[PDB]
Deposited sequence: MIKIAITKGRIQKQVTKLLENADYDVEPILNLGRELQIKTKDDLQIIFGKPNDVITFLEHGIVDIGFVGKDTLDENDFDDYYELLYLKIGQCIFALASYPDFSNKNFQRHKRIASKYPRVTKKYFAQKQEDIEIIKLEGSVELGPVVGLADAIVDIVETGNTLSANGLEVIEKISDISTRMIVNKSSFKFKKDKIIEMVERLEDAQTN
């Protein structure tokens, strides 16, 4: 059949949404097959990629933010549900842009790769500090001058006195496919890709 893997997050809703809005047997029960013959698995983003990587599945639904930071790259990014409004951005205190830093900028982010790559292009050297969650505390508690995180409505930031100092990239869910699968199952794969792109 066709094996899929979905990120348990808010993405799992975007997918089940599109799948249904494209005519596919859906059932949100707890932990799975479908009539359309789609074996589906769920888990965290880095685990969706891990599963697709080890050819455990053929298709996967993850976010650009995960695909960017993740060092894995051996996949095909066919479809792209532009459904959303998240974006990578360098947030900080208003005065950030004006304050002169003698020493290098300390940035706290959940995505060190994305942060190191953004500042690469900006021709600036920084010191990255890894934080797994509420990166807002980073600058608040005094661990970093600024942060690089996913900003959507801007609320979390504004509710701490921070503000988007500059946008990096737009975040959204992507349908990634295992290269080997695409090559020998190009059928069902392309079909679904079309059935989901008009949906």
Could you spell out the stretches of the deposited sequence that were left without C-alpha coordinates, going in sequence order? 32 to 37, 206 to 208
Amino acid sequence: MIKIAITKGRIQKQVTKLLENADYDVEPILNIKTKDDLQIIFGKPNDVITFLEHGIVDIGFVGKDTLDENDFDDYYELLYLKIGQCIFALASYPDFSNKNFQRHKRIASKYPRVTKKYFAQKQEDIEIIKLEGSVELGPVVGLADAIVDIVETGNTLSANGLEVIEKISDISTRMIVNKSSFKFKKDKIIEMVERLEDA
From here on, numbers count along this sequence of modelled residues.
Of 177 to 185 and 12 to 20, the one with larger mean CA B-factor: 12 to 20
By the entry's C-alpha temperature factors, tell me which of 131, 62, 146, 26 sits highest. 26
Against its chain's modelled residues, does residue 110's Cα B factor rank lowest, middle or highest third? lowest
For residue 96, return the chain-relative third of its C-alpha B-factor as stated in the PDB record: lowest, middle or highest. highest
Which third of the chain does residue 90 land in by C-alpha B-factor: lowest, middle or highest? lowest
Sort the modelled residues of this chain by their C-alpha B factor and say whether residue 66 lands in the lowest, middle or highest third. lowest
Residue 162: CA B-factor among chain residues, third -> middle
